[PDB]
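A look at the structure
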Amino acid sequence: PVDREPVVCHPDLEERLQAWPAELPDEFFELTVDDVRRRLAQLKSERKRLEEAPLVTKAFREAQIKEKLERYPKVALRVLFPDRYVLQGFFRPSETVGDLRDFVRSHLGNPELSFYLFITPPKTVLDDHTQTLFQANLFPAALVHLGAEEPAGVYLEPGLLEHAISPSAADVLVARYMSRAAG
Amino acid sequence: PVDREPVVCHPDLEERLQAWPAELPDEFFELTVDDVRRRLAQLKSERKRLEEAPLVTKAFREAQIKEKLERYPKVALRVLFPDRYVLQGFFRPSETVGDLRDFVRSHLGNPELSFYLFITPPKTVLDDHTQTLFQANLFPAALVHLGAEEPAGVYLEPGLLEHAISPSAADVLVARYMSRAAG
Amino acid sequence: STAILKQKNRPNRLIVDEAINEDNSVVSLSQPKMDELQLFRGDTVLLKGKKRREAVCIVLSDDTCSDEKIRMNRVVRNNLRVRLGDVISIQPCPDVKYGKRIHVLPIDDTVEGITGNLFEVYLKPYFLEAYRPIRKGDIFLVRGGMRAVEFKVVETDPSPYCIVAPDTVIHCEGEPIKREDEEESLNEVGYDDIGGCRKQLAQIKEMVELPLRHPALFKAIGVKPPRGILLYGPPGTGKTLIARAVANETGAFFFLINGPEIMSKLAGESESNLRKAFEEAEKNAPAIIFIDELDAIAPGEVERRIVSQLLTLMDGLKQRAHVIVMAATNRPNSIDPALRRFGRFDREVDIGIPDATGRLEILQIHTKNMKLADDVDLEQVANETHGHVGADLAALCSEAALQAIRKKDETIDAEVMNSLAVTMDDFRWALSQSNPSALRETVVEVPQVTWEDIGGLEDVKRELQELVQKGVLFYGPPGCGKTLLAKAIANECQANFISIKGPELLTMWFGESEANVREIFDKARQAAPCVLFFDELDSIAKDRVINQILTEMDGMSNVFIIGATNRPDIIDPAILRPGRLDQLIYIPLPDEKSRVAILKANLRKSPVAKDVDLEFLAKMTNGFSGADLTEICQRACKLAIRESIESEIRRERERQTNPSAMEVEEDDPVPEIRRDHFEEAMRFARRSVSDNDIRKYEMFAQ
Amino acid sequence: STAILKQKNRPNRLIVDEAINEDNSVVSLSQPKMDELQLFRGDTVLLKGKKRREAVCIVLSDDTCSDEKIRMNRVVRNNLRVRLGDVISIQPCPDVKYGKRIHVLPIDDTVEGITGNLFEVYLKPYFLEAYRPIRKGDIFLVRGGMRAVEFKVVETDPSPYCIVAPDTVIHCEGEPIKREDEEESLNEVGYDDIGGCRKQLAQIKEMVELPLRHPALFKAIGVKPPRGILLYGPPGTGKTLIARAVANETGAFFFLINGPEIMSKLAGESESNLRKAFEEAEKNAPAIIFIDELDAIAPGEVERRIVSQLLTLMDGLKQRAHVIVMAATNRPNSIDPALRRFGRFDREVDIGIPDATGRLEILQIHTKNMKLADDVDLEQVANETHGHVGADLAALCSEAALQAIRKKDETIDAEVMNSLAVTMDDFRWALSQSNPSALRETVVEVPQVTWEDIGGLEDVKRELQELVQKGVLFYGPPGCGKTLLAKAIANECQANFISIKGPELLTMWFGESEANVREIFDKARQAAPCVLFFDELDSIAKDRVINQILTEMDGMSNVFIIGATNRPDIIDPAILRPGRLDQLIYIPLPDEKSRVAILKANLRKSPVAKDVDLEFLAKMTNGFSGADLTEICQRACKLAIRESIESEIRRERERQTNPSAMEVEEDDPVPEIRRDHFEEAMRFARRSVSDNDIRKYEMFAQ
Ligand SMILES: Nc1ncnc2c1ncn2[C@@H]1O[C@H](COP(=O)(O)OP(=O)(O)O)[C@@H](O)[C@H]1O
Ligand SMILES: Nc1ncnc2c1ncn2[C@@H]1O[C@H](COP(=O)(O)OP(=O)(O)O)[C@@H](O)[C@H]1O
Ligand SMILES: Nc1ncnc2c1ncn2[C@@H]1O[C@H](COP(=O)(O)OP(=O)(O)O)[C@@H](O)[C@H]1O
Ligand SMILES: Nc1ncnc2c1ncn2[C@@H]1O[C@H](COP(=O)(O)OP(=O)(O)O)[C@@H](O)[C@H]1O
């Protein structure tokens with residue numbers, strides 16, 4: 001079905017020549033008169049929200065899920081290796097966790113190795129290969145850590161390490177699908 | 001899987017020789033002092049119920065469904081024909097509507113005829129053959145009316161009409177599974 | 001002898017309760033009771049009351065239903081001639097013969113105002129393959145065409161009861177029937193007609209149900225019944241609705257005493273009316289006496305006289321009289337504490353503004369007659385509709401219904417009226433078309449504005465400064481400082497300020513009736529000294545409101561009052577009589593000098609160009625108001641900052657080649673606001689006054 | 001210059017809000033903001049406050065979060081040295097180096113009372129493959145062993161921040177650290193420690209947050225802040241809890257004035273204490289002054305003197321003082337109306353008994369430290385626990401925790417304490433073991449009981465009849481008519497009756513402290529004339545309660561008071577002094593004659609046999625009480641009716657052969673209650689008194 005369109009990035013490969021972000025004065029951190037005026041309106045609205053107790057309906061949920069799936073038709077996933085290397089790939093929201101694990105075994109140093117994926121903090125391991133990326137909160141874009149029983153085994157792959165790119169470049173592939181659709 | 005154990009009953013075949021139910025005096029319909037005392041306790045409890053607003057949890061629902069399915073492990077269904085004849089059969093709670101429709105085509109005058117089943121009042125036709133008897137509220141024991149486009153077609157079957165029994169007898173088959181389990 | 005039957009027939013002896021299923025032929029039972037009687041779901045049962053009247057209903061299972069209890073709706077309860085709490089006897093009757101023919105006729109008052117065939121509209125789909133059990137004398141109802149039509153069953157073949165088969169012939173020949181006394185209206189109020197509060201009802205039922213239904217057993221039970229109850233909350237909450245329903249469901253007589261209405265009548269005629277009211281209730285007892293708006297009585301001589309008379313009648317009611325007095329008001333505090341003491345009104349129930357979950361109930365109640373489009377989500381409306389009490393949502397559904405009818409005799413065809421569907425857009429319309437902008441969250445404030453902050457208007461400033469240190473009407477083009485002046489006063493007089501727009505006085509649907517009119521003045525009185533500021537007095541027109549304002553006004557004074565309008569021509573001059581507000585102050589568009597002062601005042605907060613001529617800004621901007629002048633300066637800054645950052649971004653990037661380079665003589669670019677910033681910022685729009693109008697403002701005083 | 005950065009960095013400029021996720025390293029953002037910054041879920045971000053202090057947190061998406069807002073918990077807010085509403089700057093920092101080694105030490109006061117290895121218990125599972133971002137100086141917490149332990153990060157390699165890899169070495173060598181002033185306790189109250197009311201908090205935040213946090217901008221904003229607020233509801237609702245949290249989250253100084261405590265002190269010392277209290281708040285301003293139990297002050301000379309002093313201090317607080325006075329009580333009505341008027345206490349918030357949904361929040365808050373068994377359903381507990389305020393549920397979780405510990409030094413091993421799991425049975429125990437049977441729904445009643453209804457006790461009846469037409473203590477075996485006599489009095493005296501059992505005075509967990517003690521007397525006073533009846537006075541023992549009863553008692557009188565006990569030996573004799581209650585009336589088991597009268601009275605309602613000898617029934621039943629005598633007659637009827645119906649069923653069936661047969665001389669079988677009915681009905685059990693006891697009752701008076 002989908003094109004994975006894989007890439008690999010590492011913090012070292014980032015140019016890291018960037019100019020320092022300008023340090024900020026105390027003025028930036030203090031509020032305008034209108035800020036207070038707006039902040040008050042936040043408290044008022046939240047108060048009124050709790051008072052009337054709006055109805056959450058099953059029709060609304062299904063409608064919100066739909067408009068959410070339509071907003072992000074393609075899901076971007078990043079598997080972070082213990083060696084700091086990052087494996088990036090694209091997925092459909094209805095893709096499973098197993099589909100991700102198979103995607104990992106593909107680019108590995110060998111499929112023979114046993115491993116596991118998890119999200120942090122705290123450590124939560126994904127046991128369910130049936131589970132979709134949507135209900136696993138891997139949506140729309142998520143970072144996943146790769147664990148293993150014998151981590152000395154998982155090097156990812158050397159050939160891909162030659163194709164490895166800058167993290168800032170990997171984001172420009174993602175930013176396309178985030179601010180806009182597939183093209 | 002299950003044994004349908006079919007039977008057919010008709011109001012005519014009921015002995016209908018039964019003595020009249022004793023008419024009741026106005027005393028039976030007027031309240032004891034304690035009745036008022038109990039009725040008041042009903043209002044109090046219902047009031048307190050609405051005040052504290054008890055939590056309905058998904059865990060409780062699934063638990064209640066389970067204890068409900070365990071209480072009535074076998075479902076009894078009665079299909080009422082326009083000719084007043086009643087077709088009785090036993091089903092599992094997880095059986096579908098289609099499984100019921102197939103059960104009907106079996107004992108018909110011919111499977112070639114087109115028909116439909118529905119529950120009343122009001123008239124609600126069961127379009128879903130995937131739907132289980134549980135979620136169709138055919139549980140634990142339900143009466144279903146049999147409709148057709150050309151009702152002159154559906155006679156049920158003559159051979160079964162010879163095996164047809166009394167309605168009071170058909171209940172003794174059901175009462176076994178209602179007050180007690182399958183045996 | 002007795003305990004035998006009640007023990008022998010105990011499985012068949014049940015008590016009536018409110019039903020979830022609103023269907024006519026459906027009654028509900030508990031699953032264990034269903035099994036105990038060997039009852040299938042959808043099976044036919046027979047019910048019998050003390051009245052000897054029978055009924056035939058289809059039985060369904062209910063998980064919420066108690067084992068000892070049976071639940072049936074209004075339709076069934078009346079056909080059995082029983083009410084909530086009453087005892088019935090039930091048997092599982094399988095036999096019932098398919099009707100060969102039946103005879104059914106409509107009730108006259110329900111069918112008023114329509115032409116058509118009521119069979120094909122109402123009765124046809126109702127009886128089609130529904131296999132409904134039907135007995136003679138039964139009165140049921142069918143809902144459609146913004147209407148609920150009652151039908152009476154004249155006779156059945158066989159009798160008394162049968163069921164309607166597709167082979168059954170329905171005979172509709174005849175004339176609409178006059179009502180009978182024994183059968184109460186189903187357009188008469190009941191519990192099922194009250195949404196948004198189940199709890200408040202349960203509290204009331206708990207107190208008044210048993211004393212009203214059967215006081216003699218409630219006597220021996222030993223517990224002491226409440227003599228009176230105070231219902232409170234805003235108007236249109238269902239207080240009067242609740243009183244009528246409770247009295248009805250209990251079968252108790254109902255007497256309404258309108259607080260203002262009884263107060264109008266001359267001295268000695270009023271006292272005589274209370275006495276007649278209570279005496280009539282005692283005569284028709286068990287009865288409920290509902291006093292509407294109690295604060296119109298006991299919150300002069302005759303003032304106390306009727307109150308003392310009331311206290312006598314209240315204290316004059318012994319439990320044996322079987323009378324319970326209900327009273328409604330806004331807050332219990334507005335009522336004389338002598339009433340709220342023990343023995344008279346002991347308990348009080350709060351009927352409040354319903355939450356979102358509650359408004360859904362109210363909607364569902366009032367849409368029951370009308371056919372809804374599939375795109376209509378009522379729960380979503382419930383979230384969109386705020387601050388709405390029952391009367392408002394009822395008015396909402398009523399209006400939204402009309403909108404659909406507005407697509408199109410004085411007498412309407414029943415078929416098309418029934419086929420008419422109400423869409424969501426119809427609701428969105430009705431929710432939009434008429435409503436404030438009321439409640440409104442009126443807030444007391446102490447403005448920091450001074451005379452300095454207001455540019456120009458020096459001739460006006462001096463005038464105002466003299467008046468202090470009876471009222472004022474500011475008028476002129478909008479945005480020239482009407483409101484600013486009002487606060488400058490409040491600050492100088494060192495008083496509180498209260499800002500209120502005109503429609504905030506009015507309710508939803510721009511109702512002329514306003515209780516809140518005095519409520520503003522009350523808080524204007526609560527705070528003191530205070531400046532009451534009416535913004536857009538011309539908005540009072542959506543009459544009764546204008547007068548009741550003048551009354552409250554004159555009633556006090558220290559509270560100072562200031563009106564403001566951009567359209568003074570339509571303001572009723574009666575509010576302008578010298579005794580009320582002397583000064584009429586005209587605030588014009590800021591002149592050339594005033595604009596310079598205004599522009600300066602705004603531009604003092606950020607750097608400005610060398611080439612910019614403020615006097616020239618006062619030229620290129622003239623028809624400008626203060627609101628525009630303060631806006632055009634904000635846009636200029638916005639254009640100035642966006643220009644600086646895109647320049648500042650441009651540099652950050654151009655440093656990527658050589659970060660290491662530092663140039664000391666090269667300094668930071670200084671942001672400046674120049675003429676072409678204002679030139680470009682002058683576009684945003686628009687809102688100007690006609691030159692004709694200016695004359696009307698000048699020619700006003702007269 | 002300013003507006004540039006705020007516009008330029010606008011995407012990076014966010015405001016702090018309360019967080020859903022209670023994790024230490026987790027912050028939440030809105031999805032659009034997440035995308036705008038090109039942030040992955042679980043990615044690392046850097047936060048910076050005005051204090052220059054940084055932090056590194058993992059970012060997650062939140063649908064409930066506003067775009068302009070960021071949400072972080074207590075742990076993060078303190079590490080950034082910021083509070084709710086404050087402004088922070090955020091950047092998506094990918095780089096962060098995996099920690100080579102780190103150094104972390106515990107805080108001394110949190111680790112008090114335990115031995116063990118805190119690494120293997122707390123820090124080990126916390127940091128294991130969680131890849132948590134960590135910066136120096138950070139103080140986080142780990143929960144376990146009925147305890148929350150704070151850990152401080154001494155140093156990181158690299159610095160200032162790093163993340164903890166499985167390859168990272170955690171250095172725990174050292175000594176527990178003393179606290180620092182700049183870091184507030186996380187065992188200090190906050191919003192996250194308040195469950196059951198979100199709304200009431202939002203109302204309070206709305207009023208007091210901005211005036212306390214930055215009054216100077218709130219000044220220019222123009223709106224007028226409340227000078228004082230009245231919190232009301234029953235005790236243990238979180239009122240004092242709320243006051244401490246609000247003052248804390250706003251960074252405002254907190255001063256508690258205990259109502260009774262300040263009232264004790266001698267004349268002139270009290271007035272001096274108020275002045276010092278307010279002056280100190282004004283000195284440490286912005287500040288919150290919390291007055292606990294305000295009704296202990298303003299509901300003699302010095303009585304008014306301190307109230308007038310209070311009114312001066314209240315009215316003496318200008319907005320510039322930056323002080324907001326909070327006060328708590330039961331109901332606003334109990335407070336002097338002079339306080340509740342505008343300008344002093346304008347607004348009042350209702351802190352009530354939480355609903356079921358609310359009690360779940362409270363439970364979740366107090367179970368956070370303890371490890372729960374998998375079989376524990378807290379929401380189901382919430383449904384089971386009723387009428388519980390926050391203090392009760394807190395006491396519930398505290399007790400239930402102990403029960404598990406009760407399976408087993410003065411100083412406990414940290415490992416086993418942490419591994420200890422609390423089961424549902426532990427909760428069911430704790431919910432069972434100690435609690436009434438309080439609230440209790442006390443009901444006023446007017447009993448229809450007369451002297452006639454009471455059999456025997458003629459010697460006692462005459463005595464009581466003489467006393468009327470100061471108090472009485474009924475004592476004797478239970479079920480002989482103690483309560484019946486009390487009502488016979490109320491009926492003869494034509495007064496109201498109030499029945500209350502002993503533990504109803506006590507609260508849950510049988511708390512000796514009772515506010516409700518006077519509350520009974522209050523309603524006993526509300527009604528009048530009234531007979532106050534204390535049932536089971538011996539149950540007062542689960543002390544302080546006995547006295548405060550005597551006080552209230554003597555304080556009035558017309559209210560008549562009657563005690564009753566089946567165990568008078570343990571009743572404190574101080575309640576029995578002649579000045580309080582003279583008559584001590586002993587009610588014995590009904591004698592042989594009395595039993596005949598009792599049995600007759602019960603059997604008069606249904607037919608009786610020819611062979612039955614009532615005097616013989618009085619023989620075969622002696623140690624029987626009135627409760628037993630009325631019971632044995634009910635069983636006899638029950639046996640009589642069951643026998644008749646099974647006979648009546650037997651006939652109905654035997655008529656199936658020949659229905660047509662009618663026999664006129666054959667009559668209906670007449671139900672009768674005979675001797676062997678009573679003989680058989682005598683089994684049901686049991687509850688008898690020792691013959692020893694009888695002497696103790698007779699030998700009582702002395
Ligand atoms: N809880 C409610 N459910 C349904 N309708 C309501 C409710 N409350 C008010 N209404 C509508 O508001 C109208 C006015 O109600 P009423 O009780 O007569 O006035 P008030 O509430 O001011 O005493 C009624 O016609 C009724 O249709
Ligand atoms: N004379 C003035 N000097 C300075 N600013 C003014 C003047 N008149 C109006 N403004 C600006 O226009 C806005 C609208 O003023 P306001 O008095 O609230 O409306 P209106 O005059 O229509 O009642 C204010 O925010 C104020 O900044
Ligand atoms: N809403 C609540 N959430 C959590 N705990 C609560 C709540 N209300 C009360 N408590 C508990 O009750 C105890 C007493 O609270 P406090 O406010 O000091 O007394 P009061 O509520 O009588 O003013 C506190 O220790 C607190 O743990
Ligand atoms: N002297 C009596 N005569 C008749 N019935 C009695 C007598 N004493 C007790 N009873 C019965 O016993 C029951 C318990 O009486 P009560 O006075 O309420 O309890 P106690 O005497 O233990 O306070 C009552 O319901 C009453 O019917």
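Residue labels here follow a simple count from 1 along each chain's written sequence instead of the entry's numbering, which may differ, and residues missing coordinates are not shown. Throughout, the order in which chains and ligands are written sets their labels, letters from A for the former and numbers from 1 for the latter. Note that the side-chain values use all heavy atoms of the structure and ignore hydrogens as well as water. Residues with missing side-chain atoms are left out of burial classes, side-chain pairs and their counts.

The deposited coordinates for this entry were obtained by X-ray crystallography, with a reported resolution of 3.400 Å.

**Notes on the domain arrangement of chain C**
All names here are of chain C. To keep things clear, this is the line we draw: For every domain, the bounds stem from an assignment made automatically or drawn from a database. A contact between two residues is defined here by any heavy atoms of the two lying within 4.5 Å. Computed with a 1.4 Å rolling probe, the buried area is the accessible surface lost when two parts are put together, summed over both parts. Salt bridges are defined by distance alone: a side-chain nitrogen of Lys or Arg within 4 Å of a carboxyl oxygen of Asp or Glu. Polar contacts, as used here, are pairs of N or O atoms within 3.5 Å; protein pairs need one atom able to donate a hydrogen and one able to accept it. Residues neighboring in sequence count only if both atoms are side-chain atoms. Strands here mean DSSP runs of E at least two residues long; helices mean DSSP runs of H or I at least four residues long; both are numbered from the N terminus. The residue classification treats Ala, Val, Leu, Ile, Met, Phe, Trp, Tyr, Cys and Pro as nonpolar and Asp, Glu, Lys and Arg as charged. All others, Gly included, are polar.
Examined at the domain level, chain C breaks down into domain 1 (1–94), domain 2 (95–179), domain 3 (188–353), domain 4 (354–435), domain 5 (436–590) and domain 6 (591–682). Centre-to-centre, using C-alpha coordinates, domain 1 lies 23 Å away from domain 2. If you look at the interface, domain 1 gives 15 residues, while domain 2 gives 14 residues. Each partner contributes to the roughly 1200 Å² buried at the junction of domain 1 and domain 2, and carbon and sulfur atoms together form 50% of this total. Three residues, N24, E54 and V56, lead the burial of domain 1 against domain 2; their summed loss comes to 37% of the area buried on that side. Joining domain 1 to domain 2, the criterion identifies 1 salt bridge. For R132, the salt bridge goes to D23, with nearest N and O atoms at 2.7 Å. Joining domain 1 to domain 2, the criterion identifies 5 residue pairs in polar contact. Here the element with the most residues in the side of domain 1 that touches domain 2 is strand β4 (residues 54–61); it accounts for 5 residues. Residue composition of the side of domain 1 that touches domain 2, by class: 8 nonpolar, 4 polar and 3 charged.

**Description of the UniProt feature "domain: UBX" in chain A**
How we decide: UniProt positions are given in the numbering used here, feature names are shortened, and annotations may be inferred rather than shown by experiment.
UniProt feature "domain: UBX": in the numbering of this structure it lies at residues 70–146 of chain A. For residues 70–146 of chain A, the end-to-end C-alpha separation is 29 Å, with 17% helix and 32% strand making up the annotated structure.

**Topic: the interface of chain A and chain D**
For an interface, size is often stated in terms of accessible area lost upon the parts coming together. Tallying the contact residues gives 49 residues for chain A and 50 residues for chain D. Between chain A and chain D, roughly 4700 Å² of surface is buried when both sides are summed, and carbon and sulfur atoms account for 60% of that area. Area buried by chain A at its contact with chain D is led by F28, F29 and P121 of chain A, which between them contribute 16% of it. In this assembly, chain A and chain D are joined by 6 salt bridges. Applying the counting rule to chain A against chain D returns 14 residue pairs in polar contact. Only α1 (33–52), β2 (75–80), β4 (115–119), β6 (141–148) and α5 (167–179) of chain A provide two or more residues apiece to the side of chain A that touches chain D. Considering every element that reaches the side of chain A that touches chain D, the biggest residue donor is α1 of chain A, with 12 residues.

**Some details on the site of ligand 2**
Residue and element names in this part refer to chain C. Stated formally: Definition of nearness: a residue and a molecule or strand are near each other if at least one heavy atom of the residue lies within 4 Å of the molecule or strand. The Shrake-Rupley method, run with a 1.4 Å probe, gives the accessible areas here. Residue values count only the displayed protein chains as cover.
In the region of ligand 2, the neighbouring residues are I454, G455, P478, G479, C480, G481, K482, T483, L484, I598, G626 and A627. Within the backbone of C480, an N or O atom sits 3.2 Å from a nitrogen atom of ligand 2. One of the side-chain N or O atoms of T483 is found 2.7 Å from an oxygen atom in ligand 2. Here ligand 2, which alone exposes 550 Å², has 76% of that area covered by the protein. Elements with a contribution of two residues or more to the shell around ligand 2: α18 (482–492) and α23 (626–654). For the shell around ligand 2, the element with the most residues is α18, which contributes 3 residues. The residue makeup of the shell around ligand 2, split by class, is 6 nonpolar, 5 polar and 1 charged. If you count residues domain by domain, the shell around ligand 2 takes at least three from each of domain 5 (436–590) and domain 6 (591–682).

**Some points on the interface of chain C and chain D**
With 27 residues of chain C at the contact, the number on the chain D side is 27 residues. Between chain C and chain D, roughly 2600 Å² of surface is buried when both sides are summed, and carbon and sulfur atoms account for 65% of that area. Linking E652 of chain C and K8 of chain D is a salt bridge whose minimum nitrogen-to-oxygen distance equals 2.8 Å. Taken together, the links from chain C to chain D amount to 6 residue pairs in polar contact. Only α1 (2–8), α6 (215–220), β22 (444–445) and α23 of chain C provide two or more residues apiece to the side of chain C that touches chain D. Take the side of chain C that touches chain D: its biggest share by element is 6 residues, from α23 of chain C.

**As for the UniProt feature "binding site: ATP 2" in chain C**
Residue and element names in this part refer to chain C. We count it as follows: Any residue under 20% of the maximum accessible area for its type is buried, any over 50% is exposed, and the rest in between are partly exposed; the area is computed with a 1.4 Å probe on protein chains only.
Mapped onto this structure's residue numbering, the UniProt feature "binding site: ATP 2" falls at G479, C480, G481, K482, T483 and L484. With respect to the helices and strands, the residue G481 is situated in the loop between β23 (471–475) and α18. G481 gets classed as buried once you look at its relative accessible area, which sits at 10%. Along the chain, the position of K482 falls in helix α18. Apart from the residues lying within four places of it in its own chain, the contact partners of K482 are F474, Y475, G476, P477, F533, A564, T565 and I587. In this structure the side chain of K482 is engaged in a polar contact, spanning 3.4 Å, whose partner is the backbone oxygen of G476.

**Comments concerning the UniProt feature "binding site: ATP 1" in chain C**
Residues and elements named next belong to chain C. Within the UniProt annotation, "binding site: ATP 1" is assigned to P235, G236, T237, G238, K239, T240, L241, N330 and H366. Mapping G238 onto the fold places it in the loop between β14 (228–232) and α7 (239–249). As for its placement among the helices and strands, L241 is situated in helix α7. When its relative accessible area of 33% is taken as the criterion, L241 is described as partly exposed.

**Things to note about the site of ligand 3**
Residue and element names in this part refer to chain D. Lining the immediate surroundings of ligand 3 are 14 residues, of which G195, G236, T237, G238 and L241 lie closest. Separating an oxygen atom of ligand 3 from a backbone N or O atom of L241 is a distance of 2.7 Å. Interatomic distance of 3.2 Å between a backbone N/O atom of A391 and an oxygen atom of ligand 3. When the free accessible area of ligand 3 is taken as 550 Å², the share hidden by the protein chains comes to 77%. At the level of elements, α7 (239–249), α12 (356–366) and α14 (390–405) are the ones that each hand at least two residues to the shell around ligand 3. It is α7 that provides the largest number of residues to the shell around ligand 3, a total of 3 residues. When its residues are assigned to classes, the shell around ligand 3 shows 5 nonpolar, 7 polar and 2 charged. When residues of the shell around ligand 3 are sorted by domain, at least three fall in each of domain 3 (188–353) and domain 4 (354–435).

**A few points about the nonpolar core**
Taken as a class, soluble globular proteins show a tendency for nonpolar side chains to be buried jointly. To be explicit about the condition: The term nonpolar core refers to a set of buried residues drawn from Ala, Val, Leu, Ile, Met, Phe, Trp, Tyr and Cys, joined through side-chain atoms within 4.5 Å.
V27, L47, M72, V208 and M326 of chain D are the most contacted members of the largest nonpolar core, which totals 45 residues. Domain assignment of the residues forming this core places at least three in each of domain 1 (1–94) and domain 3 (188–353) of chain D. Residues contacting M326 of chain D, with those up to four places away along its chain left out, are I204, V208, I229, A243, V246, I288, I289, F290 and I291 of chain D. Core analysis: the next-biggest nonpolar cluster, separate from the first, contains 44 residues, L29, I70, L84 and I204 of chain C among them.

**Notes on helix α17 (residues 458–467) of chain D**
Residue and element names in this part refer to chain D. The criterion, for reference: Think of the arc as the fan of directions from the helix axis to the C-beta atoms.
Along α17, the residues that are buried comprise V460, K461 and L464. Along the axis of α17, the buried residues cluster in a sector spanning 100°; they form a single face. Along α17, the residues that are exposed and aim more than 90 degrees away from the buried face are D459 and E466. Against the buried residues of α17 lie β23 (471–475), α18 (482–492) and β27 (583–586). Just beyond α17, the residue with positive phi is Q469, at close to 50°.

**Comments concerning the pairing of strand β2 (residues 26–29) of chain C**
All names here are of chain C. Quick note on the threshold: Paired strands, as defined in this entry, are two strands with at least two bridges between them according to DSSP.
The alternating pattern of β2 places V26 and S28 and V27 and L29 on opposite faces, both of which are buried. Two strands pair when backbone bridges link them, and β2 and β4 are joined in this way by 4 bridges, in the parallel orientation. Among the inter-strand pairings, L29 is bridged to a residue of β4, identified as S61.

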